[PDB]
$ cat entry.csv   # CSV, N, CA and C atoms
chain,number,residue,atom,x,y,z
I,22,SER,N,0.8,-1.2,0.0
I,22,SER,CA,0.0,0.0,0.0
I,22,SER,C,0.8,1.3,0.0
I,23,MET,N,0.2,2.4,-0.3
I,23,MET,CA,0.9,3.6,-0.2
I,23,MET,C,1.2,3.9,1.3
I,24,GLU,N,0.3,3.5,2.2
I,24,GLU,CA,0.5,3.9,3.6
I,24,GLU,C,1.8,3.1,4.1
I,25,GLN,N,2.0,1.9,3.7
I,25,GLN,CA,3.1,1.0,4.2
I,25,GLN,C,4.4,1.7,3.7
I,26,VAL,N,4.4,2.2,2.5
I,26,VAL,CA,5.5,3.0,1.9
I,26,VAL,C,5.9,4.2,2.7
I,27,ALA,N,4.8,5.0,3.0
I,27,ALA,CA,4.9,6.3,3.8
I,27,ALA,C,5.6,5.9,5.2
I,28,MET,N,5.0,4.9,5.8
I,28,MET,CA,5.5,4.3,7.1
I,28,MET,C,7.0,4.0,7.0
I,29,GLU,N,7.3,3.2,5.9
I,29,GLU,CA,8.7,2.9,5.6
I,29,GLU,C,9.6,4.1,5.4
I,30,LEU,N,9.1,5.1,4.8
I,30,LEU,CA,9.9,6.3,4.6
I,30,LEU,C,10.2,7.0,5.9
I,31,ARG,N,9.2,7.1,6.8
I,31,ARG,CA,9.4,7.6,8.2
I,31,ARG,C,10.5,6.8,9.0
I,32,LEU,N,10.4,5.5,8.9
I,32,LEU,CA,11.4,4.6,9.5
I,32,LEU,C,12.8,4.9,9.0
I,33,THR,N,12.9,5.1,7.7
I,33,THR,CA,14.1,5.4,7.1
I,33,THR,C,14.7,6.7,7.5
I,34,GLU,N,13.8,7.7,7.6
I,34,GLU,CA,14.3,9.0,8.1
I,34,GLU,C,14.7,8.9,9.6
I,35,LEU,N,13.9,8.1,10.4
I,35,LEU,CA,14.3,8.0,11.8
I,35,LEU,C,15.7,7.3,11.9
I,36,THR,N,15.9,6.3,11.0
I,36,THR,CA,17.2,5.6,11.0
I,36,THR,C,18.3,6.6,10.6
I,37,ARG,N,18.0,7.5,9.7
I,37,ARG,CA,19.0,8.5,9.3
I,37,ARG,C,19.3,9.4,10.5
I,38,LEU,N,18.3,9.8,11.2
I,38,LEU,CA,18.5,10.7,12.4
I,38,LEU,C,19.3,9.9,13.5
I,39,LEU,N,18.8,8.7,13.8
I,39,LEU,CA,19.5,7.9,14.8
I,39,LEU,C,20.9,7.5,14.5
I,40,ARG,N,21.3,7.4,13.2
I,40,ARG,CA,22.6,7.2,12.8
I,40,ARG,C,23.5,8.4,13.1
I,41,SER,N,23.0,9.6,12.9
I,41,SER,CA,23.7,10.8,13.3
I,41,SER,C,23.9,10.9,14.9
I,42,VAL,N,22.8,10.6,15.6
I,42,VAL,CA,22.8,10.5,17.1
I,42,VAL,C,23.9,9.5,17.5
I,43,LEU,N,23.9,8.3,16.9
I,43,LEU,CA,24.9,7.3,17.3
I,43,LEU,C,26.3,7.7,17.1
I,44,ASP,N,26.5,8.4,15.9
I,44,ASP,CA,27.9,8.9,15.7
I,44,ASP,C,28.3,9.9,16.7
I,45,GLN,N,27.4,10.8,17.0
I,45,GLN,CA,27.7,11.9,18.0
I,45,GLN,C,27.9,11.2,19.4
I,46,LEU,N,27.2,10.2,19.8
I,46,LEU,CA,27.4,9.6,21.1
I,46,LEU,C,28.7,8.8,21.2
I,47,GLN,N,29.0,8.1,20.1
I,47,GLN,CA,30.3,7.4,20.0
I,47,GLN,C,31.5,8.3,19.9
I,48,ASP,N,31.4,9.5,19.4
I,48,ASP,CA,32.5,10.5,19.6
I,48,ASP,C,32.8,10.8,21.0
I,49,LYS,N,31.8,10.7,21.9
I,49,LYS,CA,32.0,10.9,23.3
I,49,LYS,C,32.7,9.8,24.0
I,50,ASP,N,33.2,8.8,23.2
I,50,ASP,CA,33.9,7.6,23.8
I,50,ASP,C,35.2,7.5,23.0
I,51,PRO,N,36.1,8.5,23.2
I,51,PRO,CA,37.3,8.5,22.3
I,51,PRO,C,38.3,7.3,22.6
I,52,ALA,N,38.2,6.8,23.8
I,52,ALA,CA,39.0,5.6,24.2
I,52,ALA,C,38.5,4.3,23.5
I,53,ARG,N,37.3,4.3,22.9
I,53,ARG,CA,36.6,3.1,22.3
I,53,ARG,C,36.4,2.0,23.3
I,54,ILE,N,36.1,2.4,24.6
I,54,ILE,CA,35.8,1.5,25.6
I,54,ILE,C,34.5,0.7,25.4
I,55,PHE,N,33.6,1.4,24.7
I,55,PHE,CA,32.2,0.9,24.5
I,55,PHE,C,32.0,0.5,23.0
I,56,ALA,N,33.0,0.5,22.2
I,56,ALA,CA,32.9,0.2,20.8
I,56,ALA,C,32.5,-1.2,20.4
I,57,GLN,N,32.9,-2.2,21.2
I,57,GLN,CA,32.6,-3.6,20.8
I,57,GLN,C,32.0,-4.4,22.1
I,58,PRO,N,31.4,-5.5,21.8
I,58,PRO,CA,31.0,-6.4,23.0
I,58,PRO,C,32.1,-6.7,23.9
I,59,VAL,N,31.8,-6.7,25.2
I,59,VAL,CA,32.8,-7.3,26.1
I,59,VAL,C,33.1,-8.7,25.7
I,60,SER,N,34.4,-9.0,25.5
I,60,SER,CA,34.8,-10.4,25.1
I,60,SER,C,34.6,-11.5,26.1
I,61,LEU,N,33.8,-12.6,25.7
I,61,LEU,CA,33.6,-13.6,26.6
I,61,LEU,C,34.8,-14.5,26.7
I,62,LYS,N,35.7,-14.5,25.7
I,62,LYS,CA,37.0,-15.1,25.9
I,62,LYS,C,37.8,-14.5,27.1
I,63,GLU,N,37.9,-13.2,27.1
I,63,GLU,CA,38.6,-12.4,28.1
I,63,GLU,C,37.9,-12.2,29.5
I,64,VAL,N,36.6,-12.1,29.4
I,64,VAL,CA,35.8,-12.0,30.7
I,64,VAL,C,34.8,-13.2,30.7
I,65,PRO,N,35.3,-14.4,31.0
I,65,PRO,CA,34.4,-15.6,30.8
I,65,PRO,C,33.2,-15.6,31.7
I,66,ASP,N,33.2,-15.0,32.9
I,66,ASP,CA,32.0,-14.9,33.8
I,66,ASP,C,31.1,-13.8,33.5
I,67,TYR,N,31.3,-13.0,32.3
I,67,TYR,CA,30.5,-11.7,32.2
I,67,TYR,C,29.0,-11.9,32.3
I,68,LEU,N,28.5,-13.0,31.7
I,68,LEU,CA,27.1,-13.2,31.6
I,68,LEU,C,26.5,-13.6,32.9
I,69,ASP,N,27.3,-14.0,33.9
I,69,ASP,CA,26.8,-14.3,35.2
I,69,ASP,C,26.5,-13.0,35.9
I,70,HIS,N,27.1,-11.9,35.5
I,70,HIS,CA,26.9,-10.5,36.0
I,70,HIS,C,25.9,-9.7,35.3
I,71,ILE,N,26.1,-9.6,34.0
I,71,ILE,CA,25.3,-8.8,33.1
I,71,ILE,C,24.4,-9.6,32.2
I,72,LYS,N,23.1,-9.4,32.3
I,72,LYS,CA,22.2,-10.2,31.6
I,72,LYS,C,21.9,-9.8,30.2
I,73,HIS,N,22.0,-8.5,29.9
I,73,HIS,CA,21.7,-8.0,28.6
I,73,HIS,C,23.0,-7.1,28.2
I,74,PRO,N,24.0,-7.7,27.7
I,74,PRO,CA,25.2,-6.9,27.2
I,74,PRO,C,24.8,-6.0,26.1
I,75,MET,N,25.6,-4.9,25.9
I,75,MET,CA,25.3,-4.0,24.8
I,75,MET,C,26.6,-3.2,24.5
I,76,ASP,N,26.7,-2.8,23.3
I,76,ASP,CA,27.9,-2.0,22.9
I,76,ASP,C,27.5,-1.2,21.6
I,77,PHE,N,28.4,-0.3,21.2
I,77,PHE,CA,28.0,0.5,20.0
I,77,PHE,C,28.0,-0.3,18.7
I,78,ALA,N,28.8,-1.3,18.5
I,78,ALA,CA,28.8,-2.1,17.3
I,78,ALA,C,27.5,-2.9,17.1
I,79,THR,N,27.0,-3.4,18.3
I,79,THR,CA,25.7,-4.2,18.3
I,79,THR,C,24.6,-3.2,18.0
I,80,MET,N,24.6,-2.0,18.6
I,80,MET,CA,23.6,-1.0,18.2
I,80,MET,C,23.6,-0.6,16.8
I,81,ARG,N,24.8,-0.5,16.2
I,81,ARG,CA,24.9,-0.1,14.8
I,81,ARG,C,24.3,-1.2,13.9
I,82,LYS,N,24.5,-2.5,14.3
I,82,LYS,CA,23.9,-3.6,13.5
I,82,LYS,C,22.3,-3.5,13.5
I,83,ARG,N,21.8,-3.3,14.7
I,83,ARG,CA,20.3,-3.1,14.8
I,83,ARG,C,19.9,-1.9,14.0
I,84,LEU,N,20.6,-0.8,14.2
I,84,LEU,CA,20.2,0.4,13.5
I,84,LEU,C,20.1,0.2,12.0
I,85,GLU,N,21.1,-0.4,11.4
I,85,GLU,CA,21.2,-0.6,9.9
I,85,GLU,C,20.3,-1.6,9.4
I,86,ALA,N,19.7,-2.5,10.2
I,86,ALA,CA,18.6,-3.3,9.9
I,86,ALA,C,17.3,-2.5,10.1
I,87,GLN,N,17.3,-1.2,10.3
I,87,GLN,CA,16.1,-0.5,10.8
I,87,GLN,C,15.3,-1.1,11.9
I,88,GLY,N,16.1,-1.6,12.9
I,88,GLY,CA,15.5,-2.3,14.1
I,88,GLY,C,15.1,-1.4,15.2
I,89,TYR,N,15.3,-0.1,15.2
I,89,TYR,CA,14.8,0.8,16.2
I,89,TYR,C,13.5,1.5,15.7
I,90,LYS,N,12.4,1.2,16.3
I,90,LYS,CA,11.1,1.8,15.9
I,90,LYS,C,10.8,3.2,16.3
I,91,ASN,N,11.5,3.6,17.4
I,91,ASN,CA,11.3,4.9,18.0
I,91,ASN,C,12.6,5.2,18.8
I,92,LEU,N,12.8,6.5,19.1
I,92,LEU,CA,14.0,6.9,20.0
I,92,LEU,C,14.0,6.2,21.3
I,93,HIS,N,12.9,5.9,21.9
I,93,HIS,CA,12.9,5.2,23.2
I,93,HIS,C,13.7,3.9,23.2
I,94,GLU,N,13.4,3.1,22.2
I,94,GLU,CA,14.2,1.8,22.0
I,94,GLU,C,15.7,2.0,21.9
I,95,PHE,N,16.1,3.0,21.1
I,95,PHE,CA,17.5,3.4,20.9
I,95,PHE,C,18.1,3.8,22.2
I,96,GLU,N,17.4,4.7,23.0
I,96,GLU,CA,17.9,5.1,24.3
I,96,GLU,C,18.0,4.0,25.3
I,97,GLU,N,17.1,3.0,25.2
I,97,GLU,CA,17.2,1.8,26.1
I,97,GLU,C,18.6,1.1,25.9
I,98,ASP,N,18.9,0.9,24.7
I,98,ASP,CA,20.2,0.3,24.3
I,98,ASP,C,21.4,1.2,24.8
I,99,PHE,N,21.3,2.5,24.6
I,99,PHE,CA,22.4,3.3,25.1
I,99,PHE,C,22.6,3.3,26.6
I,100,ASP,N,21.5,3.3,27.3
I,100,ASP,CA,21.5,3.2,28.7
I,100,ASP,C,22.0,1.9,29.2
I,101,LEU,N,21.8,0.8,28.5
I,101,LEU,CA,22.4,-0.5,28.8
I,101,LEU,C,23.9,-0.5,28.8
I,102,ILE,N,24.4,0.2,27.8
I,102,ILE,CA,25.9,0.3,27.7
I,102,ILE,C,26.4,0.9,29.0
I,103,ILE,N,25.8,2.0,29.4
I,103,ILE,CA,26.3,2.8,30.6
I,103,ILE,C,26.1,2.0,31.9
I,104,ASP,N,24.8,1.5,32.0
I,104,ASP,CA,24.4,0.9,33.3
I,104,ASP,C,25.2,-0.4,33.5
I,105,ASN,N,25.4,-1.2,32.5
I,105,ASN,CA,26.1,-2.5,32.5
I,105,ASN,C,27.5,-2.2,33.1
I,106,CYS,N,28.1,-1.2,32.5
I,106,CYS,CA,29.5,-0.8,32.9
I,106,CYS,C,29.6,-0.4,34.3
I,107,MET,N,28.7,0.4,34.8
I,107,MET,CA,28.7,1.0,36.1
I,107,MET,C,28.4,-0.1,37.2
I,108,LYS,N,27.8,-1.2,36.8
I,108,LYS,CA,27.6,-2.3,37.7
I,108,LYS,C,28.9,-3.3,37.7
I,109,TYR,N,29.3,-3.7,36.6
I,109,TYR,CA,30.5,-4.6,36.4
I,109,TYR,C,31.7,-4.0,37.0
I,110,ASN,N,32.0,-2.8,36.7
I,110,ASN,CA,33.2,-2.1,37.1
I,110,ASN,C,33.1,-1.3,38.3
I,111,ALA,N,34.1,-1.2,39.2
I,111,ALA,CA,34.0,-0.4,40.4
I,111,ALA,C,34.2,1.1,40.1
I,112,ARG,N,33.8,1.9,41.0
I,112,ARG,CA,33.9,3.4,40.8
I,112,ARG,C,35.2,3.9,40.5
I,113,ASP,N,36.3,3.3,41.0
I,113,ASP,CA,37.6,3.8,40.8
I,113,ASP,C,38.3,3.3,39.6
I,114,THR,N,37.6,2.9,38.5
I,114,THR,CA,38.2,2.3,37.4
I,114,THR,C,38.0,3.2,36.2
I,115,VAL,N,38.9,3.1,35.3
I,115,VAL,CA,38.8,3.9,34.0
I,115,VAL,C,37.5,3.6,33.3
I,116,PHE,N,37.0,2.3,33.4
I,116,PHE,CA,35.8,1.9,32.7
I,116,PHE,C,34.6,2.6,33.3
I,117,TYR,N,34.4,2.6,34.6
I,117,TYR,CA,33.3,3.3,35.3
I,117,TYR,C,33.3,4.7,34.9
I,118,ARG,N,34.5,5.3,35.0
I,118,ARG,CA,34.6,6.8,34.8
I,118,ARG,C,34.2,7.1,33.4
I,119,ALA,N,34.6,6.3,32.5
I,119,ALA,CA,34.3,6.5,31.0
I,119,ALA,C,32.8,6.5,30.8
I,120,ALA,N,32.1,5.6,31.5
I,120,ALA,CA,30.7,5.5,31.4
I,120,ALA,C,30.0,6.7,32.0
I,121,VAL,N,30.5,7.3,33.1
I,121,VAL,CA,29.9,8.5,33.7
I,121,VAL,C,30.0,9.7,32.7
I,122,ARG,N,31.2,9.8,32.1
I,122,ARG,CA,31.5,10.9,31.1
I,122,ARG,C,30.6,10.7,29.9
I,123,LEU,N,30.4,9.5,29.4
I,123,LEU,CA,29.5,9.2,28.2
I,123,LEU,C,28.1,9.5,28.5
I,124,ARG,N,27.6,9.2,29.7
I,124,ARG,CA,26.3,9.5,30.1
I,124,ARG,C,26.1,11.0,30.2
I,125,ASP,N,27.0,11.7,30.8
I,125,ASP,CA,26.9,13.2,31.0
I,125,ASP,C,26.9,13.9,29.7
I,126,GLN,N,27.9,13.6,28.8
I,126,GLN,CA,28.0,14.2,27.5
I,126,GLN,C,26.9,13.8,26.6
I,127,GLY,N,26.4,12.6,26.7
I,127,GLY,CA,25.4,12.1,25.7
I,127,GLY,C,24.1,12.7,26.0
I,128,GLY,N,23.8,13.1,27.2
I,128,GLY,CA,22.6,13.7,27.7
I,128,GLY,C,22.1,14.9,26.8
I,129,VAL,N,23.1,15.7,26.4
I,129,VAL,CA,22.9,16.9,25.6
I,129,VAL,C,22.4,16.5,24.2
I,130,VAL,N,23.0,15.5,23.6
I,130,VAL,CA,22.8,15.0,22.3
I,130,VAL,C,21.4,14.4,22.3
I,131,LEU,N,21.1,13.6,23.3
I,131,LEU,CA,19.8,12.9,23.4
I,131,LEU,C,18.6,13.9,23.6
I,132,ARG,N,18.9,14.9,24.4
I,132,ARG,CA,17.9,16.0,24.7
I,132,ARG,C,17.4,16.6,23.4
I,133,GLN,N,18.3,17.0,22.4
I,133,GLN,CA,17.9,17.6,21.2
I,133,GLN,C,17.4,16.6,20.2
I,134,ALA,N,17.9,15.4,20.2
I,134,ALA,CA,17.3,14.3,19.4
I,134,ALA,C,15.8,14.1,19.7
I,135,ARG,N,15.4,14.2,21.0
I,135,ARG,CA,14.0,14.0,21.3
I,135,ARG,C,13.2,15.1,20.8
I,136,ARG,N,13.7,16.3,20.9
I,136,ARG,CA,13.0,17.5,20.3
I,136,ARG,C,12.8,17.3,18.8
I,137,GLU,N,13.9,16.9,18.1
I,137,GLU,CA,13.9,16.6,16.6
I,137,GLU,C,12.9,15.6,16.2
I,138,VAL,N,12.9,14.5,17.0
I,138,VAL,CA,12.0,13.4,16.7
I,138,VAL,C,10.5,13.8,16.8
I,139,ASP,N,10.2,14.4,17.9
I,139,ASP,CA,8.8,15.0,18.1
I,139,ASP,C,8.5,16.1,17.0
I,140,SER,N,9.4,17.0,16.8
I,140,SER,CA,9.2,18.1,15.9
I,140,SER,C,9.0,17.6,14.4
I,141,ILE,N,9.9,16.9,13.8
I,141,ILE,CA,9.7,16.3,12.5
I,141,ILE,C,8.7,15.2,12.4
I,142,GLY,N,8.2,14.7,13.6
I,142,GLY,CA,7.2,13.6,13.6
I,142,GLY,C,7.9,12.3,13.3
$ encode --input "entry.csv" --output "structure tokens"
Amino acid sequence: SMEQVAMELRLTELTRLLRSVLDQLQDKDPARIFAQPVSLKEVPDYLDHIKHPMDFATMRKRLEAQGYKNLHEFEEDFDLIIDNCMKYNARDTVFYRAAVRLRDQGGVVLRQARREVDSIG
């Protein structure tokens, strides 16, 4: 139908906007601490601690399959990256501190993204 196409064009444009959001959040991680999945070869007990692992490469795969229906779903995944790290790693670690800085800096990007998503519809 024409409606399914219109719906598909909206999803494509959301994907375009979320790709730009993702790039901007990932620049706030210059150490690439959150770029890839935590390695289960190197951290073999990880899944005993963290039930829903997440990372930027995994988000990008979902994004490029148009797997985020709305900004809320995308934010859920970003928040998993931060929150998983802050549980697994102690406060005095470069990993925890990296997550705090990513959360704080990402807040600004996500604030305007929400306005843009509502505004453009």
$ residues_near_point --input "entry.csv" --point "(23.5, 8.4, 29.2)" --cutoff "8 Å" --atoms "all atoms listed in the file" --output "list in words"
residues 99, 100, 101, 103, 104, 120, 121, 122, 123, 124, 125, 126, 127, 128 and 129 of chain I
$ atom_distance --input "entry.csv" --atom1 "atom C of residue 54 (chain I)" --atom2 "CA of residue 88 (chain I)"
22.3 Å
$ atom_distance --input "entry.csv" --atom1 "CA of residue 51 (chain I)" --atom2 "CA of residue 32 (chain I)"
29.2 Å
$ atom_distance --input "entry.csv" --atom1 "atom N of residue 91 (chain I)" --atom2 "atom N of residue 33 (chain I)"
9.9 Å
$ closest_residue --input "entry.csv" --among "I:73, I:90, I:132, I:81" --to "residue 43 (chain I)" --atoms "only N, CA and C atoms"
I:81
$ closest_residue --input "entry.csv" --among "I:119, I:68, I:131, I:102" --to "residue 49 (chain I)" --atoms "only N, CA and C atoms"
I:119
$ closest_residue --input "entry.csv" --among "I:72, I:140, I:40, I:64" --to "residue 86 (chain I)" --atoms "only C-alpha atoms"
I:40
$ closest_residue --input "entry.csv" --among "I:70, I:134, I:82, I:50" --to "residue 108 (chain I)" --atoms "only C-alpha atoms"
I:70
$ closest_residue --input "entry.csv" --among "I:29, I:37, I:85, I:116" --to "residue 59 (chain I)" --atoms "only C-alpha atoms"
I:116
$ residues_around --input "entry.csv" --residues "residue 55 (chain I)" --least-positions-apart "5" --cutoff "6 Å" --atoms "all atoms listed in the file" --output "JSON, numbers by chain"
{"I": [76, 77, 78]}
$ select_by_dssp --input "entry.csv" --residues "region 25-132 of chain I" --states "alpha helix (DSSP H)" --output "number ranges by chain"
I: 25-48, 67-70, 77-85, 92-109, 115-132
$ closest_residue --input "entry.csv" --among "I:24, I:139, I:96, I:63" --to "residue 39 (chain I)" --atoms "only C-alpha atoms"
I:96
$ residues_around --input "entry.csv" --residues "residue 79 (chain I)" --least-positions-apart "3" --cutoff "7 Å" --atoms "all atoms listed in the file" --output "number ranges by chain"
I: 56-58, 75-76, 82-84
$ decode --input "entry.csv" --residues "region 33-117 of chain I" --atoms "C-alpha atoms" --output "PDB file, in the first residue's frame"
ATOM      1  CA  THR I  33      14.138   5.357   7.062  1.00  0.00           C
ATOM      2  CA  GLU I  34      14.301   8.959   8.086  1.00  0.00           C
ATOM      3  CA  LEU I  35      14.273   7.978  11.808  1.00  0.00           C
ATOM      4  CA  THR I  36      17.171   5.609  10.986  1.00  0.00           C
ATOM      5  CA  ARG I  37      18.994   8.520   9.333  1.00  0.00           C
ATOM      6  CA  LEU I  38      18.527  10.723  12.399  1.00  0.00           C
ATOM      7  CA  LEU I  39      19.497   7.861  14.823  1.00  0.00           C
ATOM      8  CA  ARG I  40      22.633   7.185  12.787  1.00  0.00           C
ATOM      9  CA  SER I  41      23.728  10.793  13.293  1.00  0.00           C
ATOM     10  CA  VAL I  42      22.832  10.506  17.063  1.00  0.00           C
ATOM     11  CA  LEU I  43      24.874   7.304  17.304  1.00  0.00           C
ATOM     12  CA  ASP I  44      27.874   8.913  15.668  1.00  0.00           C
ATOM     13  CA  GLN I  45      27.701  11.858  18.015  1.00  0.00           C
ATOM     14  CA  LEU I  46      27.428   9.583  21.132  1.00  0.00           C
ATOM     15  CA  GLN I  47      30.252   7.365  19.966  1.00  0.00           C
ATOM     16  CA  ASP I  48      32.509  10.458  19.602  1.00  0.00           C
ATOM     17  CA  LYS I  49      32.033  10.919  23.323  1.00  0.00           C
ATOM     18  CA  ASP I  50      33.925   7.610  23.758  1.00  0.00           C
ATOM     19  CA  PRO I  51      37.304   8.451  22.296  1.00  0.00           C
ATOM     20  CA  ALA I  52      38.994   5.609  24.156  1.00  0.00           C
ATOM     21  CA  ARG I  53      36.635   3.117  22.342  1.00  0.00           C
ATOM     22  CA  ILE I  54      35.787   1.484  25.641  1.00  0.00           C
ATOM     23  CA  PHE I  55      32.203   0.868  24.459  1.00  0.00           C
ATOM     24  CA  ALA I  56      32.873   0.183  20.762  1.00  0.00           C
ATOM     25  CA  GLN I  57      32.627  -3.609  20.840  1.00  0.00           C
ATOM     26  CA  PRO I  58      31.028  -6.373  22.959  1.00  0.00           C
ATOM     27  CA  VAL I  59      32.778  -7.294  26.126  1.00  0.00           C
ATOM     28  CA  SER I  60      34.835 -10.384  25.062  1.00  0.00           C
ATOM     29  CA  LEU I  61      33.560 -13.647  26.645  1.00  0.00           C
ATOM     30  CA  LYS I  62      37.001 -15.148  25.949  1.00  0.00           C
ATOM     31  CA  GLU I  63      38.637 -12.433  28.105  1.00  0.00           C
ATOM     32  CA  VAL I  64      35.798 -12.019  30.658  1.00  0.00           C
ATOM     33  CA  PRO I  65      34.399 -15.573  30.807  1.00  0.00           C
ATOM     34  CA  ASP I  66      32.014 -14.930  33.779  1.00  0.00           C
ATOM     35  CA  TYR I  67      30.534 -11.741  32.187  1.00  0.00           C
ATOM     36  CA  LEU I  68      27.052 -13.154  31.577  1.00  0.00           C
ATOM     37  CA  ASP I  69      26.830 -14.272  35.201  1.00  0.00           C
ATOM     38  CA  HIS I  70      26.946 -10.535  36.044  1.00  0.00           C
ATOM     39  CA  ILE I  71      25.330  -8.775  33.079  1.00  0.00           C
ATOM     40  CA  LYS I  72      22.185 -10.246  31.588  1.00  0.00           C
ATOM     41  CA  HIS I  73      21.742  -7.968  28.596  1.00  0.00           C
ATOM     42  CA  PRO I  74      25.180  -6.927  27.224  1.00  0.00           C
ATOM     43  CA  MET I  75      25.300  -4.005  24.839  1.00  0.00           C
ATOM     44  CA  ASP I  76      27.863  -1.988  22.907  1.00  0.00           C
ATOM     45  CA  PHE I  77      28.034   0.470  20.017  1.00  0.00           C
ATOM     46  CA  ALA I  78      28.769  -2.125  17.277  1.00  0.00           C
ATOM     47  CA  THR I  79      25.735  -4.167  18.337  1.00  0.00           C
ATOM     48  CA  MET I  80      23.588  -0.951  18.246  1.00  0.00           C
ATOM     49  CA  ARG I  81      24.874  -0.119  14.786  1.00  0.00           C
ATOM     50  CA  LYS I  82      23.853  -3.580  13.488  1.00  0.00           C
ATOM     51  CA  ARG I  83      20.339  -3.095  14.820  1.00  0.00           C
ATOM     52  CA  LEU I  84      20.203   0.437  13.482  1.00  0.00           C
ATOM     53  CA  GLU I  85      21.223  -0.573   9.949  1.00  0.00           C
ATOM     54  CA  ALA I  86      18.604  -3.289   9.886  1.00  0.00           C
ATOM     55  CA  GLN I  87      16.078  -0.473  10.794  1.00  0.00           C
ATOM     56  CA  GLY I  88      15.528  -2.271  14.064  1.00  0.00           C
ATOM     57  CA  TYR I  89      14.794   0.818  16.212  1.00  0.00           C
ATOM     58  CA  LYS I  90      11.062   1.766  15.866  1.00  0.00           C
ATOM     59  CA  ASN I  91      11.341   4.922  17.992  1.00  0.00           C
ATOM     60  CA  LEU I  92      13.962   6.922  19.974  1.00  0.00           C
ATOM     61  CA  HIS I  93      12.901   5.214  23.226  1.00  0.00           C
ATOM     62  CA  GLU I  94      14.190   1.811  21.981  1.00  0.00           C
ATOM     63  CA  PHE I  95      17.523   3.398  20.921  1.00  0.00           C
ATOM     64  CA  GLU I  96      17.905   5.104  24.273  1.00  0.00           C
ATOM     65  CA  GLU I  97      17.196   1.830  26.083  1.00  0.00           C
ATOM     66  CA  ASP I  98      20.210   0.269  24.317  1.00  0.00           C
ATOM     67  CA  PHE I  99      22.436   3.320  25.059  1.00  0.00           C
ATOM     68  CA  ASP I 100      21.460   3.221  28.703  1.00  0.00           C
ATOM     69  CA  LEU I 101      22.375  -0.541  28.816  1.00  0.00           C
ATOM     70  CA  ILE I 102      25.903   0.269  27.683  1.00  0.00           C
ATOM     71  CA  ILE I 103      26.296   2.753  30.580  1.00  0.00           C
ATOM     72  CA  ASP I 104      24.411   0.901  33.262  1.00  0.00           C
ATOM     73  CA  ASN I 105      26.110  -2.535  32.549  1.00  0.00           C
ATOM     74  CA  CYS I 106      29.519  -0.834  32.891  1.00  0.00           C
ATOM     75  CA  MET I 107      28.685   0.956  36.106  1.00  0.00           C
ATOM     76  CA  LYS I 108      27.597  -2.349  37.694  1.00  0.00           C
ATOM     77  CA  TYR I 109      30.457  -4.605  36.444  1.00  0.00           C
ATOM     78  CA  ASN I 110      33.221  -2.124  37.117  1.00  0.00           C
ATOM     79  CA  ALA I 111      34.028  -0.389  40.366  1.00  0.00           C
ATOM     80  CA  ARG I 112      33.853   3.372  40.850  1.00  0.00           C
ATOM     81  CA  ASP I 113      37.641   3.807  40.839  1.00  0.00           C
ATOM     82  CA  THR I 114      38.192   2.318  37.377  1.00  0.00           C
ATOM     83  CA  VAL I 115      38.793   3.914  34.034  1.00  0.00           C
ATOM     84  CA  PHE I 116      35.809   1.933  32.719  1.00  0.00           C
ATOM     85  CA  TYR I 117      33.289   3.268  35.255  1.00  0.00           C
TER      86      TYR I 117
END
